[PDB]
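**Student:** I am attaching a structure below and will ask some questions about it afterwards.
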Amino acid sequence: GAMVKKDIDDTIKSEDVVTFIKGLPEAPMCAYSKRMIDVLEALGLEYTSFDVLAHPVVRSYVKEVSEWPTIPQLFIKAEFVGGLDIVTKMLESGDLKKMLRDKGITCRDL
């Protein structure tokens, strides 16, 4: 049936990687949304991607619960990590592959 704000909240508890973006992950309506999905695809991860423009419940979760200013946003193991500006710095430093390998999350060759 229809998705309620509690289905996003239980999904953040269910999935190992979650993101909130401006579009579908295959056809985003923002360049930084393309660029976040390229972190998630280029490392070979498994994730759930939520579109704010397609459902008011998603943009409402971002308003009240994802209280950080920047869009788009990254979540790992039910916790907020950073915006698009920051995920690249973890990628460069190796700290992103370090967290994935420490938590046992799926990615490319360590």
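Each chain in the structure tokens gets a letter, A, B and so on, in the order shown; residues start at 1 in every chain, and ligands are counted from 1 in the order they appear.
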Within segment 42-102 of chain A, find each residue whose DSSP state, derived from the backbone, is strand (DSSP E), and express the selection as a short mmCIF file (atom, residue, chain, number, x, y, z; two decimals) with N, CA, C and O atoms, in the first residue's frame.

**Tutor:**
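This is the output file result.cif:
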data_model
loop_
_atom_site.label_atom_id
_atom_site.label_comp_id
_atom_site.auth_asym_id
_atom_site.auth_seq_id
_atom_site.Cartn_x
_atom_site.Cartn_y
_atom_site.Cartn_z
N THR A 48 19.22 1.90 -0.30
CA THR A 48 17.88 2.41 -0.61
C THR A 48 17.95 3.92 -0.82
O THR A 48 18.45 4.65 0.04
N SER A 49 17.47 4.39 -1.97
CA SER A 49 17.46 5.81 -2.36
C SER A 49 16.03 6.37 -2.36
O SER A 49 15.15 5.86 -3.07
N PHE A 50 15.81 7.41 -1.56
CA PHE A 50 14.52 8.09 -1.41
C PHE A 50 14.50 9.43 -2.16
O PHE A 50 15.35 10.30 -1.93
N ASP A 51 13.49 9.62 -3.00
CA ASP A 51 13.31 10.84 -3.80
C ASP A 51 12.36 11.82 -3.09
O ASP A 51 11.18 11.50 -2.89
N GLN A 73 21.85 13.91 1.20
CA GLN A 73 22.37 13.37 2.47
C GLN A 73 22.64 11.85 2.41
O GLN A 73 21.91 11.11 1.75
N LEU A 74 23.64 11.41 3.18
CA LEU A 74 24.04 10.01 3.34
C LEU A 74 23.79 9.52 4.77
O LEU A 74 24.11 10.20 5.75
N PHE A 75 23.28 8.29 4.88
CA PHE A 75 23.06 7.54 6.12
C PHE A 75 23.71 6.16 6.04
O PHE A 75 23.56 5.45 5.04
N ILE A 76 24.40 5.74 7.11
CA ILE A 76 24.99 4.40 7.27
C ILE A 76 24.46 3.80 8.58
O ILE A 76 24.47 4.47 9.61
N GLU A 79 22.32 5.90 10.98
CA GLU A 79 22.94 7.15 11.42
C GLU A 79 23.27 8.10 10.26
O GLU A 79 23.72 7.65 9.21
N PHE A 80 23.12 9.41 10.46
CA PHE A 80 23.52 10.42 9.47
C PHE A 80 25.05 10.62 9.47
O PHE A 80 25.67 10.77 10.53
N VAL A 81 25.64 10.66 8.27
CA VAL A 81 27.10 10.76 8.07
C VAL A 81 27.52 12.14 7.54
O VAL A 81 28.43 12.76 8.10
N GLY A 82 26.87 12.63 6.49
CA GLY A 82 27.23 13.89 5.84
C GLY A 82 26.46 14.17 4.54
O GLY A 82 25.70 13.33 4.05
N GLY A 83 26.68 15.37 3.99
CA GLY A 83 26.26 15.76 2.64
C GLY A 83 27.22 15.28 1.54
O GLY A 83 28.24 14.64 1.80
#

**Student:** Once DSSP has gone over the backbone, tell me which residues of segment 8-109 of chain A are in helix (DSSP H, G or I), as a compact mmCIF listing (two decimals) with N, CA and C atoms, in the first residue's frame.

**Tutor:**
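The resulting file, result05.txt, is shown below:
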# COMPACT_ATOMS: atom_id res chain seq x y z
N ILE A 8 9.69 4.97 6.13
CA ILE A 8 11.05 5.52 5.95
C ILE A 8 11.87 5.29 7.23
N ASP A 9 11.28 5.52 8.40
CA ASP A 9 11.96 5.36 9.69
C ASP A 9 12.38 3.91 9.98
N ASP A 10 11.50 2.95 9.68
CA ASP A 10 11.77 1.51 9.78
C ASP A 10 12.74 1.02 8.70
N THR A 11 12.70 1.61 7.50
CA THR A 11 13.69 1.36 6.42
C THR A 11 15.09 1.84 6.80
N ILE A 12 15.23 3.00 7.46
CA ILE A 12 16.53 3.47 7.98
C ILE A 12 17.09 2.52 9.04
N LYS A 13 16.23 1.84 9.82
CA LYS A 13 16.58 0.75 10.73
C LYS A 13 16.83 -0.61 10.03
N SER A 14 16.33 -0.80 8.81
CA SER A 14 16.38 -2.06 8.04
C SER A 14 17.60 -2.18 7.12
N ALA A 31 22.61 17.64 -10.08
CA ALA A 31 23.95 17.09 -10.34
C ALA A 31 24.57 16.43 -9.10
N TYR A 32 24.42 17.05 -7.92
CA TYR A 32 24.91 16.49 -6.66
C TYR A 32 24.21 15.17 -6.29
N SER A 33 22.96 14.98 -6.76
CA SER A 33 22.25 13.70 -6.62
C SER A 33 22.85 12.62 -7.53
N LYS A 34 23.17 12.94 -8.80
CA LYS A 34 24.00 12.08 -9.68
C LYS A 34 25.32 11.72 -9.01
N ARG A 35 26.02 12.71 -8.44
CA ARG A 35 27.35 12.55 -7.84
C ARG A 35 27.35 11.69 -6.57
N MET A 36 26.29 11.75 -5.75
CA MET A 36 26.14 10.86 -4.58
C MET A 36 25.90 9.41 -5.01
N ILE A 37 25.02 9.19 -5.98
CA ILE A 37 24.76 7.86 -6.54
C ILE A 37 26.03 7.26 -7.15
N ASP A 38 26.90 8.06 -7.77
CA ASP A 38 28.19 7.59 -8.28
C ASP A 38 29.16 7.11 -7.19
N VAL A 39 29.07 7.62 -5.97
CA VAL A 39 29.82 7.06 -4.82
C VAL A 39 29.30 5.66 -4.49
N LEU A 40 27.97 5.50 -4.50
CA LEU A 40 27.27 4.28 -4.11
C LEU A 40 27.38 3.17 -5.19
N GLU A 41 27.34 3.55 -6.47
CA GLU A 41 27.58 2.65 -7.61
C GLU A 41 29.07 2.35 -7.83
N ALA A 42 29.97 3.34 -7.74
CA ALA A 42 31.37 3.13 -8.10
C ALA A 42 32.14 2.26 -7.08
N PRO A 56 5.61 13.64 -0.77
CA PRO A 56 5.67 14.63 0.32
C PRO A 56 6.15 14.02 1.64
N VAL A 57 5.84 12.74 1.89
CA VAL A 57 6.33 11.99 3.06
C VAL A 57 7.86 11.96 3.13
N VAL A 58 8.55 11.84 1.99
CA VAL A 58 10.03 11.84 1.95
C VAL A 58 10.58 13.23 2.27
N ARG A 59 10.07 14.28 1.61
CA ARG A 59 10.53 15.66 1.88
C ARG A 59 10.15 16.14 3.29
N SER A 60 9.09 15.59 3.89
CA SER A 60 8.70 15.83 5.29
C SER A 60 9.64 15.13 6.30
N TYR A 61 10.06 13.88 6.04
CA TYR A 61 11.10 13.20 6.84
C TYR A 61 12.40 14.02 6.87
N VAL A 62 12.83 14.52 5.71
CA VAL A 62 14.02 15.38 5.60
C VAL A 62 13.86 16.68 6.39
N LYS A 63 12.65 17.26 6.41
CA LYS A 63 12.35 18.51 7.11
C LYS A 63 12.48 18.34 8.63
N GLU A 64 11.77 17.36 9.19
CA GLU A 64 11.61 17.20 10.64
C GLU A 64 12.69 16.32 11.31
N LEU A 84 26.91 15.62 0.28
CA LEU A 84 27.72 15.25 -0.89
C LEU A 84 29.14 15.84 -0.81
N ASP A 85 29.28 17.06 -0.30
CA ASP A 85 30.58 17.72 -0.08
C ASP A 85 31.58 16.85 0.70
N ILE A 86 31.10 16.08 1.69
CA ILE A 86 31.89 15.31 2.66
C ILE A 86 32.19 13.86 2.24
N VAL A 87 31.26 13.16 1.58
CA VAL A 87 31.45 11.72 1.23
C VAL A 87 32.66 11.48 0.33
N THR A 88 32.98 12.44 -0.53
CA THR A 88 34.20 12.43 -1.36
C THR A 88 35.48 12.46 -0.52
N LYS A 89 35.50 13.19 0.60
CA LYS A 89 36.66 13.31 1.50
C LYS A 89 36.95 11.98 2.21
N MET A 90 35.90 11.28 2.65
CA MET A 90 36.01 9.89 3.15
C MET A 90 36.50 8.92 2.07
N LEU A 91 36.05 9.10 0.82
CA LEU A 91 36.44 8.27 -0.33
C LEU A 91 37.95 8.41 -0.59
N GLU A 92 38.41 9.65 -0.74
CA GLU A 92 39.83 10.03 -0.90
C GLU A 92 40.71 9.45 0.22
N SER A 93 40.32 9.69 1.48
CA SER A 93 41.08 9.28 2.68
C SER A 93 41.10 7.76 2.92
N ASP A 95 38.67 6.30 4.51
CA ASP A 95 37.83 6.17 5.70
C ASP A 95 36.41 5.63 5.41
N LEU A 96 35.91 5.81 4.18
CA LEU A 96 34.61 5.29 3.75
C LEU A 96 34.67 3.76 3.59
N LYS A 97 35.64 3.24 2.82
CA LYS A 97 35.95 1.81 2.72
C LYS A 97 36.34 1.22 4.08
N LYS A 98 36.98 1.99 4.96
CA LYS A 98 37.28 1.58 6.35
C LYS A 98 36.01 1.32 7.16
N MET A 99 35.00 2.20 7.13
CA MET A 99 33.74 1.96 7.84
C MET A 99 32.96 0.78 7.26
N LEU A 100 32.86 0.68 5.92
CA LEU A 100 32.14 -0.41 5.26
C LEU A 100 32.76 -1.76 5.66
N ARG A 101 34.09 -1.89 5.58
CA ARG A 101 34.80 -3.13 5.97
C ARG A 101 34.69 -3.45 7.46
N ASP A 102 34.68 -2.44 8.33
CA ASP A 102 34.49 -2.61 9.78
C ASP A 102 33.08 -3.05 10.18
N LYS A 103 32.06 -2.56 9.46
CA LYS A 103 30.64 -2.89 9.69
C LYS A 103 30.19 -4.15 8.96
